[PDB]
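Quick setup: one chain, the form deposited in one PDB entry, written in C-alpha cells, and binding and motion questions come after.
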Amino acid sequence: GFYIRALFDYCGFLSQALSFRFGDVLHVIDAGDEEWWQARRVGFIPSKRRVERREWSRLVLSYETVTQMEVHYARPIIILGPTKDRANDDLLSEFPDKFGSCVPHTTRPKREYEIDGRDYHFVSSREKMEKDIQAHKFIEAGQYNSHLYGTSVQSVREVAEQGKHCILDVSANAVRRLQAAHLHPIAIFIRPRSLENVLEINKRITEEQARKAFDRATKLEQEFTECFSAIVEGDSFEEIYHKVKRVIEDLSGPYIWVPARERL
C-alpha cells in the first residue's frame, strides 16, 4: 500500500472508523474507494475528497503522502507557540550533550569582548550578507536595529552532522527551507487551548500579554499547520515540556517520515 500523515484530528455514531491525531502516520491498505480508505496507524479513514467536501460544507488540510528515509544527521528542532523560549532554554540546559545552538551570521560590528565564530560569524560588508541571502545561503534572516542577522544552512548542518539537535529560534517559514536543504527539522507547535490555558502554562505574564500570545498562536496555526511535525497541549508548562521531549524522541532516530512524491 502506501503511507500518509494526518494533518488534522479525527455525532455518537459507531463504526469501524479509525481515530487519529495530527501527525499520525497511517498505513493505507486499500484506497480503491473514493470515500473511505482502509488503514492502520503505524479501520477506515475519510478520503481526501471526503474530508474536503465536509470541510467546505461545514464552512483544506487532510493528509499528505510520506515515505520513510534514513538520515545520518540529528534533526534540527523548531519549537513554536507560547512558552517556546522556556522550552528551548530548558532543553539546552537539560541535555548539553544532545542539544546545541548554531552560530548565526551578522553584519553588526563585533564588540571588543566577542569572538568571531563563537558569538556570531561577523560579516565584513552588508553587501556580502545580502548577496549570500539572495543566493539562498540562509534558512532564515532578518534585520534588527539596522544590521542583518541570519541562520545559515551551513551553520545548522555543522551542528546536525555533529550528531546534535540544533535548537532553532526561527519562524515556521524555515521548515520548508530546511527540508529543501536535506536537514529535516522536528517542528513542534505548542497550541494554547484557550486564553485561560495560556495563563496556566505561564503564570508570569499579564492577561494582556496572554491575549496577544493567544492571537499569535491562532494566526500561526492558521498559516503553518502543514509544516508542524507535531502539536502539543497541556494544563501546565511541565506537561508541555514532557510532551515536547516525547515528540523529539519519537521523531529522532535514523529512520524518519518525510514528504513523498506520490500525490493523493
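By rigid core we mean the largest C-alpha set that fits within 1.5 Å across both forms. Residue indices: 1-based, along the sequence shown.
Missing-residue comparison: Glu114 falls in the unmodelled set for a third or more of the other PDB entries checked. Notably, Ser152 is never a gap: all other compared entries of this protein, restricted to those modelling both its neighbours, have coordinates for it, so the one-third criterion is not met.
Gap between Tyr10 and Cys11: 4 to 9 deposited residues without coordinates.
A chain break between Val42 and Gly43 is present, corresponding to 4 to 9 residues of the deposited sequence without coordinates. Between the stretches 177-185 and 118-126, it is 118-126 that shows the larger average CA temperature factor. The mean C-alpha temperature factor is higher for 191-199 when 45-53 and 191-199 are set side by side.
By the numbers in the PDB entry, the CA B factor is greatest at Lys110 among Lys84, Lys98, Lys110, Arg75.
Per the deposited coordinates, the residue with the largest Cα temperature factor out of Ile133, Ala172, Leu168, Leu92 is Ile133. Among the modelled residues of its chain, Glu233 has a C-alpha B-factor that falls in the lowest third, as given in the PDB entry. Ranked by C-alpha B-factor against the other modelled residues of its chain, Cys102 falls in the middle third. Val258: CA B factor in the middle third of modelled residues in this chain (values from the PDB entry). Compared with the other modelled residues of the chain, the Cα B-factor recorded for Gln222 ranks in the middle third. Ranked by C-alpha B-factor against the other modelled residues of its chain, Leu251 falls in the middle third.
The form deposited in another entry exists for this protein as well; it is not shown, and the discussion that follows is about that form.
Only one of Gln179, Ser101, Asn173, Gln143 has its Cα shifted by 2 Å or more between this form and the one not shown after fitting on the core, and that residue is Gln143. Positional change of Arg126 between this form and the one not shown reaches 2 Å or more at the C-alpha, relative to the superposed core. After superposing the rigid core, the Cα of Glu112 is displaced by 2 Å or more between this form and the one not shown.
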